[PDB]
>>> print(open('target_16.cif').read())   # mmCIF, N, CA and C atoms
data_data
loop_
_atom_site.group_PDB
_atom_site.id
_atom_site.type_symbol
_atom_site.label_atom_id
_atom_site.label_comp_id
_atom_site.auth_asym_id
_atom_site.auth_seq_id
_atom_site.Cartn_x
_atom_site.Cartn_y
_atom_site.Cartn_z
ATOM 1 N N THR A 16 -7.963 -172.567 195.074
ATOM 2 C CA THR A 16 -9.389 -172.806 195.248
ATOM 3 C C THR A 16 -9.640 -173.774 196.394
ATOM 4 N N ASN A 17 -10.878 -173.789 196.884
ATOM 5 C CA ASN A 17 -11.288 -174.721 197.925
ATOM 6 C C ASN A 17 -11.848 -176.034 197.384
ATOM 7 N N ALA A 18 -12.576 -175.984 196.264
ATOM 8 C CA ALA A 18 -12.995 -177.116 195.434
ATOM 9 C C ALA A 18 -13.975 -178.069 196.116
ATOM 10 N N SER A 19 -14.305 -177.840 197.393
ATOM 11 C CA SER A 19 -15.256 -178.580 198.225
ATOM 12 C C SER A 19 -15.174 -180.102 198.140
ATOM 13 N N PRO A 20 -14.085 -180.748 198.577
ATOM 14 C CA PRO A 20 -14.097 -182.217 198.626
ATOM 15 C C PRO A 20 -14.985 -182.785 199.718
ATOM 16 N N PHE A 21 -15.285 -182.014 200.766
ATOM 17 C CA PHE A 21 -16.115 -182.455 201.883
ATOM 18 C C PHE A 21 -16.840 -181.232 202.444
ATOM 19 N N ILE A 22 -17.926 -181.464 203.197
ATOM 20 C CA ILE A 22 -18.796 -180.379 203.654
ATOM 21 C C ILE A 22 -19.283 -180.604 205.084
ATOM 22 N N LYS A 23 -19.726 -179.501 205.710
ATOM 23 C CA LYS A 23 -20.248 -179.450 207.074
ATOM 24 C C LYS A 23 -21.671 -178.901 207.091
ATOM 25 N N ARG A 24 -22.466 -179.356 208.066
ATOM 26 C CA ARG A 24 -23.891 -179.020 208.137
ATOM 27 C C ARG A 24 -24.362 -178.352 209.441
ATOM 28 N N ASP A 25 -24.054 -178.923 210.611
ATOM 29 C CA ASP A 25 -24.593 -178.351 211.842
ATOM 30 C C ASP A 25 -23.845 -177.093 212.261
ATOM 31 N N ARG A 26 -22.616 -176.917 211.777
ATOM 32 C CA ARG A 26 -21.930 -175.643 211.945
ATOM 33 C C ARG A 26 -22.683 -174.532 211.223
ATOM 34 N N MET A 27 -23.218 -174.833 210.037
ATOM 35 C CA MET A 27 -23.984 -173.835 209.301
ATOM 36 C C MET A 27 -25.356 -173.625 209.939
ATOM 37 N N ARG A 28 -25.921 -174.678 210.553
ATOM 38 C CA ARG A 28 -27.077 -174.504 211.443
ATOM 39 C C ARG A 28 -26.815 -173.449 212.506
ATOM 40 N N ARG A 29 -25.694 -173.575 213.212
ATOM 41 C CA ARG A 29 -25.390 -172.624 214.277
ATOM 42 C C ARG A 29 -25.096 -171.231 213.721
ATOM 43 N N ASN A 30 -24.511 -171.168 212.520
ATOM 44 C CA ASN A 30 -24.323 -169.886 211.846
ATOM 45 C C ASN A 30 -25.661 -169.209 211.571
ATOM 46 N N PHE A 31 -26.664 -169.972 211.130
ATOM 47 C CA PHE A 31 -27.986 -169.373 210.968
ATOM 48 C C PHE A 31 -28.698 -169.128 212.295
ATOM 49 N N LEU A 32 -28.313 -169.828 213.367
ATOM 50 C CA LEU A 32 -28.825 -169.484 214.693
ATOM 51 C C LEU A 32 -28.374 -168.089 215.102
ATOM 52 N N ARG A 33 -27.112 -167.756 214.832
ATOM 53 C CA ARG A 33 -26.696 -166.367 215.032
ATOM 54 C C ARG A 33 -27.221 -165.407 213.966
ATOM 55 N N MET A 34 -27.463 -165.874 212.739
ATOM 56 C CA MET A 34 -27.948 -164.971 211.694
ATOM 57 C C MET A 34 -29.393 -164.548 211.944
ATOM 58 N N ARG A 35 -30.231 -165.468 212.405
ATOM 59 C CA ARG A 35 -31.644 -165.180 212.630
ATOM 60 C C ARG A 35 -31.878 -164.493 213.973
ATOM 61 N N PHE B 638 -37.109 -177.277 189.542
ATOM 62 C CA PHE B 638 -36.959 -175.945 190.101
ATOM 63 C C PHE B 638 -37.485 -174.931 189.097
ATOM 64 N N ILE B 639 -38.391 -174.072 189.541
ATOM 65 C CA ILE B 639 -38.973 -173.085 188.646
ATOM 66 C C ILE B 639 -37.989 -171.945 188.416
ATOM 67 N N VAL B 640 -38.205 -171.210 187.332
ATOM 68 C CA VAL B 640 -37.391 -170.050 186.992
ATOM 69 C C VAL B 640 -38.314 -168.975 186.452
ATOM 70 N N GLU B 641 -38.207 -167.768 186.986
ATOM 71 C CA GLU B 641 -38.762 -166.610 186.312
ATOM 72 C C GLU B 641 -37.669 -166.024 185.433
ATOM 73 N N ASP B 642 -38.023 -165.698 184.194
ATOM 74 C CA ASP B 642 -37.048 -165.084 183.302
ATOM 75 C C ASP B 642 -36.700 -163.678 183.772
ATOM 76 N N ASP B 643 -37.715 -162.855 184.011
ATOM 77 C CA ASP B 643 -37.478 -161.487 184.436
ATOM 78 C C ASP B 643 -36.942 -161.446 185.863
ATOM 79 N N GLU B 644 -36.255 -160.351 186.182
ATOM 80 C CA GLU B 644 -35.661 -160.180 187.499
ATOM 81 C C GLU B 644 -35.268 -158.725 187.709
ATOM 82 N N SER B 645 -35.686 -158.159 188.841
ATOM 83 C CA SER B 645 -35.250 -156.818 189.215
ATOM 84 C C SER B 645 -33.742 -156.770 189.411
ATOM 85 N N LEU B 646 -33.167 -157.838 189.959
ATOM 86 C CA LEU B 646 -31.719 -157.976 190.020
ATOM 87 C C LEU B 646 -31.097 -158.222 188.659
ATOM 88 N N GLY B 647 -31.890 -158.434 187.615
ATOM 89 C CA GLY B 647 -31.323 -158.443 186.291
ATOM 90 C C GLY B 647 -31.706 -159.600 185.402
ATOM 91 N N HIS B 648 -30.706 -160.414 185.091
ATOM 92 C CA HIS B 648 -30.715 -161.345 183.976
ATOM 93 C C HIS B 648 -31.780 -162.445 183.982
ATOM 94 N N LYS B 649 -31.730 -163.416 184.891
ATOM 95 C CA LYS B 649 -32.604 -164.584 184.921
ATOM 96 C C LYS B 649 -32.300 -165.351 186.192
ATOM 97 N N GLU B 650 -33.332 -165.894 186.828
ATOM 98 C CA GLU B 650 -33.080 -166.513 188.121
ATOM 99 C C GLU B 650 -34.138 -167.547 188.438
ATOM 100 N N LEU B 651 -33.719 -168.586 189.149
ATOM 101 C CA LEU B 651 -34.667 -169.460 189.813
ATOM 102 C C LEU B 651 -35.210 -168.773 191.058
ATOM 103 N N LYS B 652 -36.480 -169.041 191.356
ATOM 104 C CA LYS B 652 -37.217 -168.214 192.304
ATOM 105 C C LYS B 652 -36.765 -168.471 193.737
ATOM 106 N N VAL B 653 -36.399 -169.716 194.059
ATOM 107 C CA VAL B 653 -36.112 -170.075 195.443
ATOM 108 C C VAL B 653 -34.817 -169.416 195.900
ATOM 109 N N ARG B 654 -34.755 -169.099 197.190
ATOM 110 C CA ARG B 654 -33.673 -168.317 197.764
ATOM 111 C C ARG B 654 -33.136 -169.006 199.011
ATOM 112 N N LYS B 655 -32.104 -168.391 199.589
ATOM 113 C CA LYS B 655 -31.416 -168.967 200.737
ATOM 114 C C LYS B 655 -32.308 -169.030 201.968
ATOM 115 N N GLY B 656 -33.212 -168.067 202.126
ATOM 116 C CA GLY B 656 -34.049 -168.050 203.313
ATOM 117 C C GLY B 656 -34.997 -169.228 203.377
ATOM 118 N N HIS B 657 -35.552 -169.616 202.231
ATOM 119 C CA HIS B 657 -36.468 -170.745 202.201
ATOM 120 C C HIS B 657 -35.760 -172.028 202.597
ATOM 121 N N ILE B 658 -34.562 -172.244 202.063
ATOM 122 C CA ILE B 658 -33.866 -173.476 202.382
ATOM 123 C C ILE B 658 -33.334 -173.426 203.802
ATOM 124 N N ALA B 659 -33.086 -172.225 204.322
ATOM 125 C CA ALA B 659 -32.766 -172.092 205.734
ATOM 126 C C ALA B 659 -33.939 -172.520 206.599
ATOM 127 N N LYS B 660 -35.146 -172.108 206.216
ATOM 128 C CA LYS B 660 -36.335 -172.513 206.954
ATOM 129 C C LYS B 660 -36.539 -174.019 206.874
ATOM 130 N N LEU B 661 -36.223 -174.610 205.722
ATOM 131 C CA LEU B 661 -36.289 -176.062 205.588
ATOM 132 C C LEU B 661 -35.314 -176.745 206.531
ATOM 133 N N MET B 662 -34.095 -176.215 206.604
ATOM 134 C CA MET B 662 -33.085 -176.760 207.499
ATOM 135 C C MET B 662 -33.556 -176.682 208.939
ATOM 136 N N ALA B 663 -34.163 -175.550 209.296
ATOM 137 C CA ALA B 663 -34.678 -175.356 210.642
ATOM 138 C C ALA B 663 -35.799 -176.330 210.952
ATOM 139 N N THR B 664 -36.685 -176.565 209.987
ATOM 140 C CA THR B 664 -37.789 -177.482 210.232
ATOM 141 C C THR B 664 -37.287 -178.908 210.364
ATOM 142 N N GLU B 665 -36.247 -179.254 209.614
ATOM 143 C CA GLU B 665 -35.691 -180.595 209.716
ATOM 144 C C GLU B 665 -35.022 -180.811 211.066
ATOM 145 N N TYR B 666 -34.234 -179.841 211.515
ATOM 146 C CA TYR B 666 -33.629 -179.939 212.839
ATOM 147 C C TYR B 666 -34.569 -179.563 213.973
ATOM 148 N N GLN B 667 -35.828 -179.238 213.680
ATOM 149 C CA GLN B 667 -36.810 -179.081 214.747
ATOM 150 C C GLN B 667 -37.023 -180.395 215.482
ATOM 151 N N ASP B 668 -37.070 -181.499 214.735
ATOM 152 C CA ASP B 668 -37.127 -182.867 215.253
ATOM 153 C C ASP B 668 -38.345 -183.114 216.138
ATOM 154 N N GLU B 678 -42.124 -175.301 210.231
ATOM 155 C CA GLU B 678 -43.270 -176.158 209.970
ATOM 156 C C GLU B 678 -43.444 -176.394 208.476
ATOM 157 N N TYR B 679 -42.404 -176.104 207.701
ATOM 158 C CA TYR B 679 -42.424 -176.450 206.288
ATOM 159 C C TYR B 679 -42.419 -177.950 206.056
ATOM 160 N N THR B 680 -43.102 -178.349 204.996
ATOM 161 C CA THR B 680 -42.996 -179.648 204.362
ATOM 162 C C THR B 680 -42.670 -179.436 202.896
ATOM 163 N N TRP B 681 -42.520 -180.552 202.191
ATOM 164 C CA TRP B 681 -42.426 -180.493 200.742
ATOM 165 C C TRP B 681 -43.697 -179.906 200.151
ATOM 166 N N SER B 682 -44.849 -180.331 200.666
ATOM 167 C CA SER B 682 -46.119 -179.748 200.250
ATOM 168 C C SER B 682 -46.210 -178.285 200.647
ATOM 169 N N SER B 683 -45.711 -177.955 201.833
ATOM 170 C CA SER B 683 -45.753 -176.575 202.280
ATOM 171 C C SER B 683 -44.756 -175.705 201.548
ATOM 172 N N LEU B 684 -43.871 -176.296 200.762
ATOM 173 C CA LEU B 684 -43.130 -175.536 199.778
ATOM 174 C C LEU B 684 -43.849 -175.522 198.443
ATOM 175 N N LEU B 685 -44.642 -176.556 198.175
ATOM 176 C CA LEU B 685 -45.332 -176.644 196.895
ATOM 177 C C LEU B 685 -46.423 -175.599 196.778
ATOM 178 N N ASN B 686 -47.104 -175.318 197.887
ATOM 179 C CA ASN B 686 -48.347 -174.555 197.828
ATOM 180 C C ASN B 686 -48.126 -173.131 197.343
#
>>> encode(input="target_16.cif", output="structure tokens")
Amino acid sequence: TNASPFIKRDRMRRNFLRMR
Amino acid sequence: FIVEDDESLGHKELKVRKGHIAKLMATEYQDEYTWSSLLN
């Protein structure tokens, strides 16, 4: 499992920049 | 967080979805949703 000990935010911003 | 019991996708779900929170993220990094503009 990955279990999420830490997280990222602006990478997911850029992912939604390509998604939209 | 509100929940509608019924759902076309089936069992039970809270109403808010990924697109709304994406729009919130976009408005925050804009630097036009608000908390009120989600409330309305």
>>> interface_residues(input="target_16.cif", of="chain A", to="chain B", cutoff="12 Å", atoms="only C-alpha atoms", output="PyMOL selection string")
chain A and resi 24-25+27-32+34-35
>>> atom_distance(input="target_16.cif", atom1="atom C of residue 653 of chain B", atom2="atom C of residue 639 of chain B")
8.5 Å
>>> select_by_dssp(input="target_16.cif", residues="chain B", states="strand (DSSP E or B)", output="list in words")
residues 640, 641, 650 and 651 of chain B
>>> write_last_selection(input="target_16.cif", atoms="N, CA and C atoms", output="PDB file, in the frame of the given file")
ATOM      1  N   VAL B 640     -38.205-171.210 187.332  1.00  0.00           N
ATOM      2  CA  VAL B 640     -37.391-170.050 186.992  1.00  0.00           C
ATOM      3  C   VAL B 640     -38.314-168.975 186.452  1.00  0.00           C
ATOM      4  N   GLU B 641     -38.207-167.768 186.986  1.00  0.00           N
ATOM      5  CA  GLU B 641     -38.762-166.610 186.312  1.00  0.00           C
ATOM      6  C   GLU B 641     -37.669-166.024 185.433  1.00  0.00           C
ATOM      7  N   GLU B 650     -33.332-165.894 186.828  1.00  0.00           N
ATOM      8  CA  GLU B 650     -33.080-166.513 188.121  1.00  0.00           C
ATOM      9  C   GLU B 650     -34.138-167.547 188.438  1.00  0.00           C
ATOM     10  N   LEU B 651     -33.719-168.586 189.149  1.00  0.00           N
ATOM     11  CA  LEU B 651     -34.667-169.460 189.813  1.00  0.00           C
ATOM     12  C   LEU B 651     -35.210-168.773 191.058  1.00  0.00           C
TER      13      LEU B 651
END
>>> select_by_dssp(input="target_16.cif", residues="chain A", states="alpha helix (DSSP H)", output="count of residues only")
10
>>> residues_near_point(input="target_16.cif", point="(-33.8, -165.5, 189.8)", cutoff="6.5 Å", atoms="all atoms listed in the file", output="PyMOL selection string")
chain B and resi 640-641+643-644+649-652
